[PDB]
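**Student:** Coordinates in start-v9.txt, compact mmCIF, C-alpha atoms and all ligand atoms, are listed below.
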# COMPACT_ATOMS: atom_id res chain seq x y z
CA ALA L 3 27.54 -15.73 14.66
CA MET L 4 25.45 -12.61 15.28
CA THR L 5 21.80 -12.28 14.41
CA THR L 6 20.60 -8.72 13.81
CA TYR L 7 17.49 -7.12 15.32
CA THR L 8 16.73 -4.37 12.85
CA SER L 9 13.64 -2.18 13.43
CA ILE L 10 11.35 -2.34 10.39
CA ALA L 11 11.37 1.45 10.74
CA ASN L 12 14.95 1.35 9.46
CA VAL L 13 14.09 -0.68 6.36
CA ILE L 14 11.04 1.55 5.63
CA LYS L 15 13.15 4.73 5.85
CA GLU L 16 16.25 3.39 4.09
CA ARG L 17 14.43 1.77 1.12
CA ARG L 18 15.03 3.69 -2.09
CA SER L 19 13.62 3.32 -5.58
CA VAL L 20 16.50 1.88 -7.60
CA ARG L 21 16.46 2.34 -11.36
CA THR L 22 19.89 1.04 -12.30
CA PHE L 23 21.20 -2.43 -11.55
CA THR L 24 24.46 -4.36 -11.47
CA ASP L 25 24.69 -7.44 -13.75
CA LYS L 26 24.59 -9.71 -10.67
CA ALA L 27 22.17 -12.62 -10.99
CA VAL L 28 18.78 -12.49 -9.30
CA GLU L 29 17.55 -15.95 -8.32
CA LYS L 30 13.95 -16.79 -9.31
CA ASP L 31 13.45 -18.79 -6.09
CA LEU L 32 14.35 -15.72 -4.06
CA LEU L 33 11.76 -13.58 -5.87
CA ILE L 34 9.17 -16.29 -5.28
CA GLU L 35 10.20 -16.47 -1.63
CA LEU L 36 9.83 -12.66 -1.23
CA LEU L 37 6.47 -12.54 -3.06
CA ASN L 38 5.16 -15.29 -0.76
CA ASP L 39 6.15 -13.26 2.29
CA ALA L 40 4.49 -10.20 0.69
CA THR L 41 1.16 -12.07 0.47
CA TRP L 42 0.65 -11.35 4.17
CA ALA L 43 -0.70 -7.96 3.12
CA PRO L 44 -4.05 -6.87 4.57
CA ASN L 45 -6.83 -7.70 2.15
CA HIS L 46 -10.49 -7.27 2.72
CA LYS L 47 -12.52 -10.48 2.97
CA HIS L 48 -9.37 -12.48 2.08
CA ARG L 49 -9.96 -11.87 -1.66
CA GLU L 50 -6.16 -11.87 -2.20
CA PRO L 51 -6.62 -9.72 -5.34
CA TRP L 52 -2.98 -9.70 -6.45
CA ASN L 53 -1.59 -11.63 -9.47
CA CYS L 54 1.83 -11.48 -11.15
CA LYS L 55 3.79 -12.01 -14.34
CA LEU L 56 7.51 -12.41 -13.75
CA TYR L 57 9.76 -11.76 -16.75
CA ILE L 58 13.35 -12.95 -16.39
CA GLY L 59 16.27 -13.76 -18.70
CA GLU L 60 15.20 -14.28 -22.31
CA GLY L 61 11.53 -13.71 -21.36
CA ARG L 62 12.20 -10.01 -20.74
CA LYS L 63 12.30 -9.53 -24.52
CA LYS L 64 8.68 -10.63 -24.67
CA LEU L 65 7.73 -7.81 -22.31
CA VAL L 66 9.85 -5.43 -24.35
CA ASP L 67 8.08 -6.52 -27.54
CA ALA L 68 4.69 -5.84 -25.86
CA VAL L 69 5.94 -2.42 -24.67
CA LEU L 70 7.23 -1.36 -28.08
CA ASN L 71 4.24 -2.65 -30.09
CA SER L 72 2.08 -0.44 -27.84
CA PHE L 73 3.81 2.84 -28.75
CA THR L 74 2.80 5.12 -31.58
CA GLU L 75 5.45 5.30 -34.22
CA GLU L 76 6.66 8.62 -32.71
CA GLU L 77 7.00 7.39 -29.13
CA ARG L 78 8.65 4.23 -30.48
CA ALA L 79 11.27 6.21 -32.40
CA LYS L 80 11.94 8.28 -29.27
CA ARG L 81 12.13 5.64 -26.55
CA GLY L 82 12.22 2.21 -28.25
CA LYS L 83 15.94 1.43 -28.09
CA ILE L 84 16.51 3.37 -24.83
CA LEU L 85 13.76 1.42 -23.14
CA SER L 86 14.64 -1.96 -24.67
CA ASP L 87 18.22 -1.52 -23.43
CA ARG L 88 17.00 -0.56 -19.97
CA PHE L 89 14.61 -3.51 -19.59
CA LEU L 90 17.33 -5.83 -20.82
CA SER L 91 19.87 -4.62 -18.22
CA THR L 92 17.26 -5.06 -15.50
CA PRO L 93 17.36 -8.62 -14.08
CA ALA L 94 13.60 -9.02 -13.52
CA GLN L 95 10.30 -7.28 -14.16
CA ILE L 96 7.16 -8.12 -12.20
CA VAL L 97 3.84 -6.98 -13.66
CA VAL L 98 1.38 -6.84 -10.73
CA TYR L 99 -2.25 -6.94 -11.74
CA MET L 100 -5.77 -7.61 -10.43
CA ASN L 101 -9.27 -8.30 -11.73
CA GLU L 102 -11.13 -5.04 -11.72
CA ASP L 103 -14.27 -5.30 -9.62
CA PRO L 104 -17.08 -3.29 -11.27
CA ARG L 105 -18.01 -1.88 -7.85
CA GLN L 106 -16.11 1.07 -6.37
CA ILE L 107 -15.69 -0.08 -2.77
CA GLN L 108 -14.54 -3.61 -3.64
CA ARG L 109 -12.22 -2.38 -6.41
CA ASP L 110 -10.72 0.29 -4.14
CA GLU L 111 -10.25 -2.31 -1.39
CA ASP L 112 -8.61 -4.71 -3.84
CA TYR L 113 -6.35 -1.98 -5.14
CA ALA L 114 -5.42 -0.96 -1.57
CA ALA L 115 -4.51 -4.60 -0.81
CA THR L 116 -2.56 -4.90 -4.04
CA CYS L 117 -0.56 -1.74 -3.14
CA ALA L 118 0.07 -3.09 0.39
CA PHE L 119 1.41 -6.36 -1.18
CA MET L 120 3.76 -4.35 -3.44
CA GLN L 121 5.02 -2.18 -0.64
CA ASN L 122 5.57 -5.32 1.49
CA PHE L 123 7.52 -6.78 -1.40
CA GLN L 124 9.66 -3.65 -1.76
CA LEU L 125 10.51 -3.79 1.97
CA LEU L 126 11.22 -7.52 1.89
CA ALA L 127 13.46 -7.06 -1.16
CA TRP L 128 15.37 -4.11 0.40
CA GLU L 129 16.19 -6.37 3.40
CA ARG L 130 18.00 -8.89 1.12
CA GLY L 131 19.86 -6.15 -0.80
CA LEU L 132 17.52 -6.11 -3.82
CA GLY L 133 16.58 -2.73 -5.19
CA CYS L 134 13.51 -2.00 -7.22
CA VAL L 135 11.26 0.61 -8.78
CA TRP L 136 7.48 0.49 -8.90
CA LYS L 137 6.60 1.77 -12.32
CA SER L 138 3.44 3.37 -13.52
CA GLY L 139 2.47 5.78 -16.22
CA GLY L 140 0.37 5.47 -19.32
CA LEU L 141 1.94 2.21 -20.50
CA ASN L 142 0.04 0.32 -17.79
CA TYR L 143 -3.29 1.73 -19.06
CA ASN L 144 -2.61 1.16 -22.77
CA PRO L 145 -5.02 -1.52 -24.06
CA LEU L 146 -2.37 -2.48 -26.64
CA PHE L 147 0.16 -3.29 -23.90
CA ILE L 148 -2.45 -5.03 -21.71
CA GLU L 149 -3.54 -7.39 -24.52
CA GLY L 150 0.13 -7.58 -25.61
CA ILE L 151 1.13 -9.24 -22.30
CA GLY L 152 -1.94 -11.55 -22.30
CA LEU L 153 -4.29 -9.76 -19.89
CA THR L 154 -8.02 -9.35 -20.64
CA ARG L 155 -10.05 -6.13 -20.39
CA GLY L 156 -11.05 -5.45 -16.84
CA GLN L 157 -7.69 -6.58 -15.50
CA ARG L 158 -5.88 -3.64 -13.98
CA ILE L 159 -2.12 -3.22 -13.85
CA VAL L 160 -1.18 -1.80 -10.48
CA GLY L 161 2.54 -1.60 -11.21
CA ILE L 162 5.56 -2.99 -12.97
CA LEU L 163 8.34 -3.65 -10.50
CA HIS L 164 11.88 -3.46 -11.92
CA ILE L 165 14.25 -5.41 -9.74
CA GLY L 166 17.90 -6.28 -9.25
CA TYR L 167 21.04 -5.89 -7.16
CA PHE L 168 22.60 -2.45 -7.17
CA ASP L 169 25.87 -0.65 -6.57
CA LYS L 170 25.01 2.51 -4.62
CA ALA L 171 21.74 3.51 -2.94
CA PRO L 172 20.24 6.69 -4.44
CA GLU L 173 19.87 9.60 -2.05
CA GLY L 174 16.68 10.20 -0.09
CA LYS L 175 14.39 13.20 -0.22
CA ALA L 176 13.38 14.69 3.11
CA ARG L 177 9.67 14.12 3.90
CA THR L 178 7.21 16.76 5.08
CA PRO L 179 6.59 16.44 8.83
CA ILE L 180 3.18 14.74 9.12
CA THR L 181 2.04 17.55 11.47
CA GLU L 182 1.76 19.80 8.39
CA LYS L 183 -0.58 17.27 6.78
CA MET L 184 -2.68 16.51 9.81
CA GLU L 185 -5.39 17.87 12.06
CA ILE L 186 -5.46 16.52 15.62
CA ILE L 187 -8.92 16.39 17.19
CA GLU L 188 -8.70 15.95 20.95
CA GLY L 189 -11.58 18.39 21.12
CA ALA O 3 10.78 0.62 23.56
CA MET O 4 12.81 -1.19 20.79
CA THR O 5 12.40 -4.48 18.88
CA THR O 6 12.91 -8.28 19.24
CA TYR O 7 12.15 -9.34 15.64
CA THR O 8 15.11 -10.84 13.69
CA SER O 9 13.48 -10.03 10.32
CA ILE O 10 11.02 -7.53 8.84
CA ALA O 11 9.48 -10.58 7.14
CA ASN O 12 8.30 -11.73 10.57
CA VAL O 13 6.60 -8.38 11.29
CA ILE O 14 4.93 -8.58 7.88
CA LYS O 15 3.80 -12.19 8.40
CA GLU O 16 2.78 -11.77 12.05
CA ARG O 17 0.87 -8.46 11.80
CA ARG O 18 -2.88 -8.94 12.45
CA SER O 19 -5.84 -6.64 12.00
CA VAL O 20 -6.92 -5.83 15.53
CA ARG O 21 -10.54 -4.75 16.22
CA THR O 22 -10.82 -4.86 20.02
CA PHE O 23 -8.44 -2.99 22.26
CA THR O 24 -7.34 -2.95 25.87
CA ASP O 25 -7.83 0.25 27.91
CA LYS O 26 -4.08 0.97 27.85
CA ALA O 27 -3.54 4.64 26.89
CA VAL O 28 -1.85 5.46 23.59
CA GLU O 29 0.66 8.34 23.39
CA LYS O 30 -0.29 11.02 20.84
CA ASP O 31 3.43 11.72 20.32
CA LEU O 32 3.99 8.00 19.63
CA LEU O 33 1.30 7.93 16.89
CA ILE O 34 2.88 11.03 15.37
CA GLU O 35 6.33 9.43 15.48
CA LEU O 36 5.00 6.29 13.69
CA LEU O 37 3.13 8.44 11.11
CA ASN O 38 6.37 10.32 10.41
CA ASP O 39 8.18 7.02 9.82
CA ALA O 40 5.31 5.93 7.52
CA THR O 41 5.81 8.97 5.22
CA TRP O 42 8.88 7.20 3.80
CA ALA O 43 6.51 5.32 1.42
CA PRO O 44 7.11 5.50 -2.32
CA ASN O 45 5.30 8.44 -3.83
CA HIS O 46 5.58 9.33 -7.45
CA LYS O 47 6.97 12.86 -8.10
CA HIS O 48 7.35 13.39 -4.28
CA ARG O 49 3.72 14.49 -4.15
CA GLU O 50 3.23 13.06 -0.58
CA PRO O 51 -0.56 12.88 -1.18
CA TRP O 52 -1.53 11.60 2.34
CA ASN O 53 -3.44 13.76 4.83
CA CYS O 54 -4.76 12.78 8.21
CA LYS O 55 -7.31 13.58 10.87
CA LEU O 56 -6.33 12.01 14.21
CA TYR O 57 -9.17 11.51 16.71
CA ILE O 58 -8.05 10.89 20.27
CA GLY O 59 -9.58 11.26 23.76
CA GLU O 60 -12.67 13.50 23.80
CA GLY O 61 -11.97 14.21 20.10
CA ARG O 62 -13.43 10.81 19.25
CA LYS O 63 -16.95 12.02 20.11
CA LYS O 64 -16.68 14.40 17.13
CA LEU O 65 -15.93 11.41 14.89
CA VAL O 66 -18.74 9.36 16.48
CA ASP O 67 -21.13 12.28 15.92
CA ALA O 68 -20.20 12.53 12.22
CA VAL O 69 -20.72 8.80 11.88
CA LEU O 70 -24.16 8.81 13.63
CA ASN O 71 -25.31 11.89 11.64
CA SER O 72 -24.67 10.00 8.41
CA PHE O 73 -27.14 7.28 9.50
CA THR O 74 -30.94 7.08 9.19
CA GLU O 75 -32.85 7.53 12.47
CA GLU O 76 -33.52 3.77 12.24
CA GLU O 77 -29.78 2.89 12.10
CA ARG O 78 -29.02 5.44 14.83
CA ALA O 79 -31.58 3.95 17.24
CA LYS O 80 -30.38 0.39 16.53
CA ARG O 81 -26.59 0.69 16.10
CA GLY O 82 -25.76 4.10 17.55
CA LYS O 83 -24.97 3.02 21.09
CA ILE O 84 -22.96 -0.05 20.21
CA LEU O 85 -21.09 2.01 17.65
CA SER O 86 -20.19 4.86 20.08
CA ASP O 87 -19.17 2.37 22.77
CA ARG O 88 -16.84 0.73 20.34
CA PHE O 89 -15.23 3.89 18.93
CA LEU O 90 -14.89 5.28 22.44
CA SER O 91 -13.20 2.06 23.57
CA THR O 92 -10.75 2.50 20.68
CA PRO O 93 -7.87 4.73 21.83
CA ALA O 94 -7.45 6.37 18.38
CA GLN O 95 -8.92 6.73 14.93
CA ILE O 96 -7.04 8.19 12.00
CA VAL O 97 -8.99 9.16 8.89
CA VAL O 98 -6.42 9.03 6.03
CA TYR O 99 -7.44 11.01 2.97
CA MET O 100 -6.20 12.52 -0.26
CA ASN O 101 -7.05 15.23 -2.74
CA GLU O 102 -8.28 13.64 -6.00
CA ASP O 103 -6.33 14.71 -9.09
CA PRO O 104 -8.72 15.14 -12.09
CA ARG O 105 -6.40 12.86 -14.03
CA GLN O 106 -6.60 9.09 -13.65
CA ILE O 107 -2.85 8.32 -13.71
CA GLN O 108 -1.88 10.93 -11.07
CA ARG O 109 -4.94 10.04 -8.97
CA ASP O 110 -4.22 6.27 -8.94
CA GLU O 111 -0.53 6.90 -8.18
CA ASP O 112 -1.53 9.14 -5.30
CA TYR O 113 -3.95 6.51 -4.02
CA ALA O 114 -1.29 3.79 -4.24
CA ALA O 115 1.27 6.02 -2.38
CA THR O 116 -1.37 6.56 0.32
CA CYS O 117 -2.02 2.84 0.63
CA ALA O 118 1.72 2.27 0.89
CA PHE O 119 1.89 4.93 3.68
CA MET O 120 -0.95 3.10 5.52
CA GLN O 121 0.61 -0.36 5.21
CA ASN O 122 3.85 1.20 6.48
CA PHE O 123 2.03 2.55 9.47
CA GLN O 124 0.44 -0.85 10.25
CA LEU O 125 3.87 -2.54 10.35
CA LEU O 126 5.48 0.32 12.26
CA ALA O 127 2.66 0.10 14.82
CA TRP O 128 2.83 -3.71 15.10
CA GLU O 129 6.51 -3.36 15.93
CA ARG O 130 5.58 -1.25 18.99
CA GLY O 131 2.82 -3.69 20.05
CA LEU O 132 0.10 -1.41 18.67
CA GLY O 133 -2.70 -3.17 16.80
CA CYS O 134 -5.01 -1.66 14.23
CA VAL O 135 -7.57 -2.20 11.58
CA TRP O 136 -7.88 -0.33 8.28
CA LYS O 137 -11.58 0.30 7.89
CA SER O 138 -13.04 0.80 4.46
CA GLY O 139 -16.65 0.53 3.23
CA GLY O 140 -19.59 2.76 2.56
CA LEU O 141 -19.17 5.03 5.55
CA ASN O 142 -16.09 6.41 3.84
CA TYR O 143 -18.04 7.17 0.66
CA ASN O 144 -21.08 8.65 2.35
CA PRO O 145 -21.33 12.40 1.51
CA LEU O 146 -22.97 13.13 4.92
CA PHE O 147 -20.04 11.54 6.77
CA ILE O 148 -17.44 13.21 4.59
CA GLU O 149 -18.98 16.66 5.08
CA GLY O 150 -19.48 15.94 8.80
CA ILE O 151 -15.73 15.52 9.29
CA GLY O 152 -15.04 18.67 7.23
CA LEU O 153 -13.98 17.13 3.90
CA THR O 154 -14.97 18.58 0.52
CA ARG O 155 -15.82 16.99 -2.83
CA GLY O 156 -12.76 15.50 -4.49
CA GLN O 157 -11.20 14.47 -1.21
CA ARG O 158 -11.13 10.69 -1.04
CA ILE O 159 -11.03 8.84 2.24
CA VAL O 160 -8.65 5.94 1.73
CA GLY O 161 -9.20 4.30 5.11
CA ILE O 162 -9.98 4.94 8.73
CA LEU O 163 -7.36 3.35 10.99
CA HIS O 164 -8.67 2.25 14.38
CA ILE O 165 -5.73 1.75 16.71
CA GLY O 166 -4.84 0.51 20.18
CA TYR O 167 -2.95 -1.90 22.38
CA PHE O 168 -4.51 -5.39 22.44
CA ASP O 169 -4.41 -8.87 24.03
CA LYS O 170 -6.23 -10.90 21.40
CA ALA O 171 -6.49 -10.83 17.65
CA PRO O 172 -7.94 -13.07 14.93
CA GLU O 173 -6.00 -16.16 13.95
CA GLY O 174 -3.96 -15.56 10.83
CA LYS O 175 -5.59 -16.81 7.62
CA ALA O 176 -3.51 -19.11 5.37
CA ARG O 177 -2.31 -17.35 2.22
CA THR O 178 -2.57 -18.79 -1.33
CA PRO O 179 0.93 -19.73 -2.62
CA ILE O 180 1.94 -16.93 -5.04
CA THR O 181 2.84 -19.71 -7.44
CA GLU O 182 -0.89 -20.26 -7.88
CA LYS O 183 -1.38 -16.66 -9.09
CA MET O 184 1.64 -15.98 -11.17
CA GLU O 185 3.08 -16.83 -14.56
CA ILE O 186 6.83 -17.05 -15.07
CA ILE O 187 8.02 -15.91 -18.48
CA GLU O 188 11.45 -17.48 -18.57
CA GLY O 189 12.03 -17.38 -22.34
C1 LIG L 201 -8.41 -1.20 2.17
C2 LIG L 201 -8.81 -2.45 2.87
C3 LIG L 201 -10.03 -2.31 3.49
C4 LIG L 201 -10.36 -2.95 4.66
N1 LIG L 201 -11.61 -2.71 5.19
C5 LIG L 201 -11.99 -3.31 6.37
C6 LIG L 201 -13.26 -3.05 6.90
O1 LIG L 201 -13.98 -2.23 6.36
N2 LIG L 201 -13.66 -3.66 8.08
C7 LIG L 201 -12.80 -4.52 8.74
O2 LIG L 201 -13.18 -5.04 9.79
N3 LIG L 201 -11.53 -4.78 8.21
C8 LIG L 201 -11.10 -4.17 7.03
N4 LIG L 201 -9.83 -4.47 6.48
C9 LIG L 201 -9.67 -5.96 6.43
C10 LIG L 201 -8.35 -6.53 6.94
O3 LIG L 201 -7.26 -5.67 6.63
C11 LIG L 201 -8.19 -7.90 6.28
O4 LIG L 201 -9.29 -8.74 6.56
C12 LIG L 201 -6.94 -8.61 6.74
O5 LIG L 201 -6.22 -9.08 5.62
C13 LIG L 201 -7.35 -9.81 7.57
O6 LIG L 201 -6.19 -10.57 7.80
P1 LIG L 201 -4.91 -9.91 8.54
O7 LIG L 201 -5.12 -10.07 10.06
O8 LIG L 201 -3.69 -10.65 8.02
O9 LIG L 201 -4.77 -8.43 8.19
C14 LIG L 201 -9.45 -3.80 5.29
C15 LIG L 201 -8.20 -3.98 4.64
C16 LIG L 201 -7.88 -3.32 3.45
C17 LIG L 201 -6.46 -3.31 2.96
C1 LIG L 202 2.30 4.07 -7.42
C2 LIG L 202 3.66 4.66 -7.63
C3 LIG L 202 4.12 4.76 -8.93
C4 LIG L 202 5.43 5.06 -9.24
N1 LIG L 202 5.77 5.11 -10.59
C5 LIG L 202 7.07 5.40 -10.96
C6 LIG L 202 7.39 5.46 -12.31
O1 LIG L 202 6.46 5.52 -13.10
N2 LIG L 202 8.68 5.75 -12.72
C7 LIG L 202 9.65 5.97 -11.76
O2 LIG L 202 10.81 6.22 -12.10
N3 LIG L 202 9.32 5.90 -10.41
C8 LIG L 202 8.04 5.62 -9.98
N4 LIG L 202 7.72 5.58 -8.62
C9 LIG L 202 8.74 6.14 -7.65
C10 LIG L 202 8.64 7.67 -7.57
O3 LIG L 202 8.95 8.23 -8.81
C11 LIG L 202 9.41 8.42 -6.45
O4 LIG L 202 10.57 9.10 -6.88
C12 LIG L 202 9.87 7.58 -5.28
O5 LIG L 202 8.89 6.66 -4.88
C13 LIG L 202 10.24 8.52 -4.14
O6 LIG L 202 11.57 8.17 -3.80
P1 LIG L 202 11.88 6.74 -3.09
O7 LIG L 202 10.95 5.62 -3.55
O8 LIG L 202 13.33 6.37 -3.34
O9 LIG L 202 11.66 6.96 -1.61
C14 LIG L 202 6.38 5.28 -8.23
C15 LIG L 202 5.92 5.18 -6.90
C16 LIG L 202 4.57 4.88 -6.60
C17 LIG L 202 4.10 4.66 -5.19
Is it possible to express this structure as structure tokens?
Ligand SMILES: Cc1cc2nc3c(=O)[nH]c(=O)nc-3n(C[C@H](O)[C@H](O)[C@H](O)COP(=O)(O)O)c2cc1C
Ligand SMILES: Cc1cc2nc3c(=O)[nH]c(=O)nc-3n(C[C@H](O)[C@H](O)[C@H](O)COP(=O)(O)O)c2cc1C
**Tutor:**
Amino acid sequence: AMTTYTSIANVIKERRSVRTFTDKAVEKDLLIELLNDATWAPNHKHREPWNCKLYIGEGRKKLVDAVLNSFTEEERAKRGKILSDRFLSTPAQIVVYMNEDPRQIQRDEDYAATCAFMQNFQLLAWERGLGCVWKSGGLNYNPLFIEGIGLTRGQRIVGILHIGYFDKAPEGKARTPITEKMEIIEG
Amino acid sequence: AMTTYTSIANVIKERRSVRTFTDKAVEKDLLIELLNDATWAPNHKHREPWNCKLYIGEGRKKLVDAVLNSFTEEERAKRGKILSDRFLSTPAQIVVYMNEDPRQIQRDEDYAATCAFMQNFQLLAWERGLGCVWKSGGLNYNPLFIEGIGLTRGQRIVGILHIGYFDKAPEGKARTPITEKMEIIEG
């Protein structure tokens, strides 16, 4: 019996966005376990701004219905079936949202915290062999989709995480050395 | 140098925001190494929107000066000394910033990537026994501060990381079960 002492550096660097999943079953209790660990994200004044909708199994069709009903007839003709088939061969979706504070600093802080929570989650999931992609784009800003999944105005969708077990890790893309993006002032 | 954690979950759960630092010196090369690990955050379209200014040693006085110059003479006289003493007993500050895309979607994605980069750095640093706090608030939105550090309009400061070795930190605050802020759509 050997316990492993993996540097979190390894997880951070090995994590990949995964967009295609095996038909292996993702346990709900595992996702809840991971999300609970993710809640240890920094968050100003302990506002804990993050909230979630988890769509799994038959429920995923409800999300799909909200997605499709939000498209113009042209988008829908283009991506409807494609996207429906994709969502339905993805074990879980997690819509991550927050109440939008009318004030810049508090909203930015909340959004920062909500992104830290999602990144935590992605790291936590990678560790157990779960892949995921953090989705954005115009769908998340579409008032038709937002009402369609039961959110009110002034609730912001930070991301939709698509999650499941996967066959092969996608390849990485080399990062720019931080020294090209930084000034050092030892002046 | 390496790690005694048996899970990344533990690093995530045990990380604390640290505000007071010991006088132990912090390696500039170490901070750069950690920053380079942090760049493995998700970032839509491989935009890598993060940029940094690292203030270390005598360089910190430049930062302190920018801060004090953004204050009224009243603030300066009252706070100025206690502020300098604190910054100058903080081994390092990193101002993390981005260029603002005129478009909401790309901008928010870039902000979220940058927040994910910063949370990565916090966890990477905790691993090495380095504490920090992500400072936000009005200083970062003050046009006199922003100019003072050499930033232009449309360059958003996402946080200032204050970083050092430490021997005390705030007690961890109990998190709200995620079950209290989620809905499961099972059918
Ligand atoms: C973007 C954002 C802004 C923050 N701003 C500040 C701040 O301005 N001043 C401060 O002392 N801490 C700041 N922190 C607060 C701590 O990160 C937060 O209180 C933390 O969650 C406290 O519990 P912790 O020890 O688990 O991190 C900020 C965190 C986030 C993510
Ligand atoms: C806020 C944010 C939004 C993203 N949105 C999408 C998305 O809309 N669709 C997608 O395929 N990937 C999305 N990603 C992933 C990126 O497209 C990008 O390829 C990836 O993060 C870089 O590769 P990696 O995550 O495997 O390291 C997003 C990442 C971030 C941080």
**Student:** For chain O, list the residues within 6 Å of chain L, counting only C-alpha atoms, and write the list as an mmCIF file with C-alpha atoms, in the frame of the given file.
**Tutor:**
data_model
loop_
_atom_site.group_PDB
_atom_site.id
_atom_site.type_symbol
_atom_site.label_atom_id
_atom_site.label_comp_id
_atom_site.auth_asym_id
_atom_site.auth_seq_id
_atom_site.Cartn_x
_atom_site.Cartn_y
_atom_site.Cartn_z
ATOM 1 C CA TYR O 7 12.150 -9.340 15.640
ATOM 2 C CA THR O 8 15.110 -10.840 13.690
ATOM 3 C CA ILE O 10 11.020 -7.530 8.840
ATOM 4 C CA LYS O 15 3.800 -12.190 8.400
ATOM 5 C CA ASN O 38 6.370 10.320 10.410
ATOM 6 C CA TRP O 42 8.880 7.200 3.800
ATOM 7 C CA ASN O 53 -3.440 13.760 4.830
ATOM 8 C CA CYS O 54 -4.760 12.780 8.210
ATOM 9 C CA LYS O 55 -7.310 13.580 10.870
ATOM 10 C CA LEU O 56 -6.330 12.010 14.210
ATOM 11 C CA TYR O 57 -9.170 11.510 16.710
ATOM 12 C CA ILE O 58 -8.050 10.890 20.270
ATOM 13 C CA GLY O 59 -9.580 11.260 23.760
ATOM 14 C CA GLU O 60 -12.670 13.500 23.800
ATOM 15 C CA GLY O 61 -11.970 14.210 20.100
ATOM 16 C CA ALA O 114 -1.290 3.790 -4.240
ATOM 17 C CA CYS O 117 -2.020 2.840 0.630
ATOM 18 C CA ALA O 118 1.720 2.270 0.890
ATOM 19 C CA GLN O 121 0.610 -0.360 5.210
ATOM 20 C CA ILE O 180 1.940 -16.930 -5.040
ATOM 21 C CA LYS O 183 -1.380 -16.660 -9.090
ATOM 22 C CA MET O 184 1.640 -15.980 -11.170
ATOM 23 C CA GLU O 185 3.080 -16.830 -14.560
ATOM 24 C CA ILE O 186 6.830 -17.050 -15.070
ATOM 25 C CA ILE O 187 8.020 -15.910 -18.480
ATOM 26 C CA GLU O 188 11.450 -17.480 -18.570
ATOM 27 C CA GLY O 189 12.030 -17.380 -22.340
#
**Student:** Using every Cα, in order, as the fitting set, what is the least-squares RMSD of chain O against chain L?
**Tutor:** 1.5 Å
**Student:** Considering all atoms listed in the file, state which residue in the set L:20, L:101, L:109, L:78 is at the smallest distance from ligand LIG 201 (chain L).
**Tutor:**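 The shortest atom-to-atom distance to ligand LIG 201 (chain L) comes from L:109.
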**Student:** Just the number, please: distance in Å from atom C5 of ligand LIG 201 (chain L) to atom CA of residue O:102, one decimal.
**Tutor:** 21.3 Å
**Student:** Within 9 Å of stretch 72-77 of chain O, counting all atoms listed in the file, which residues qualify if same-chain residues fewer than 2 places away don't, as a tab-separated table (two decimals) with C-alpha atoms, keeping the file's coordinate frame?
**Tutor:**
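Generated file (result_38.tsv):
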chain	number	residue	atom	x	y	z
O	67	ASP	CA	-21.13	12.28	15.92
O	68	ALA	CA	-20.20	12.53	12.22
O	69	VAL	CA	-20.72	8.80	11.88
O	70	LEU	CA	-24.16	8.81	13.63
O	79	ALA	CA	-31.58	3.95	17.24
O	80	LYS	CA	-30.38	0.39	16.53
O	81	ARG	CA	-26.59	0.69	16.10
O	82	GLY	CA	-25.76	4.10	17.55
O	141	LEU	CA	-19.17	5.03	5.55
O	144	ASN	CA	-21.08	8.65	2.35
O	145	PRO	CA	-21.33	12.40	1.51
O	146	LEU	CA	-22.97	13.13	4.92
O	147	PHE	CA	-20.04	11.54	6.77
O	148	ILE	CA	-17.44	13.21	4.59
O	150	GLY	CA	-19.48	15.94	8.80
**Student:** Would you work out the distance separating atom CA of residue L:92 from atom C6 of ligand LIG 202 (chain L), expressed in Å to one decimal?
**Tutor:**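 These atoms are spaced 14.8 Å apart.
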**Student:** For atom CA of residue L:149 and atom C1 of ligand LIG 201 (chain L), quote the distance in Å rounded to one decimal.
**Tutor:**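 Atom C1 of ligand LIG 201 (chain L) lies 27.8 Å from atom CA of residue L:149.
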**Student:** From the set L:104, L:152, L:166, L:133, which residue has the shortest atom-to-atom contact distance to ligand LIG 202 (chain L), counting all atoms listed in the file?
**Tutor:**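 Of the candidates, the smallest distance to ligand LIG 202 (chain L) is held by L:133.
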**Student:** Which of these, O:3, O:28, O:71, O:83, has the shortest distance to residue O:151 once you count only C-alpha atoms?
**Tutor:** O:71
**Student:** Could you write out as lines of an AutoDock Vina configuration file the box around stretch 40-57 of chain L (axis-aligned, all atoms listed in the file, 3 Å on each side), with centre and edge lengths in Å to one decimal?
**Tutor:**
center_x = -1.4
center_y = -9.7
center_z = -6.1
size_x = 28.3
size_y = 11.6
size_z = 27.3
**Student:** Nearest to ligand LIG 201 (chain L): which of L:169, L:105, L:49, L:162 is it, counting all atoms listed in the file?
**Tutor:**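 The closest residue to ligand LIG 201 (chain L) is L:49.
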**Student:** Let me make sure I understand: among O:26, O:170, O:47, O:155, which one has the smallest atom-to-atom distance to ligand LIG 202 (chain L) if we use only C-alpha atoms and all ligand atoms?
**Tutor:** O:47
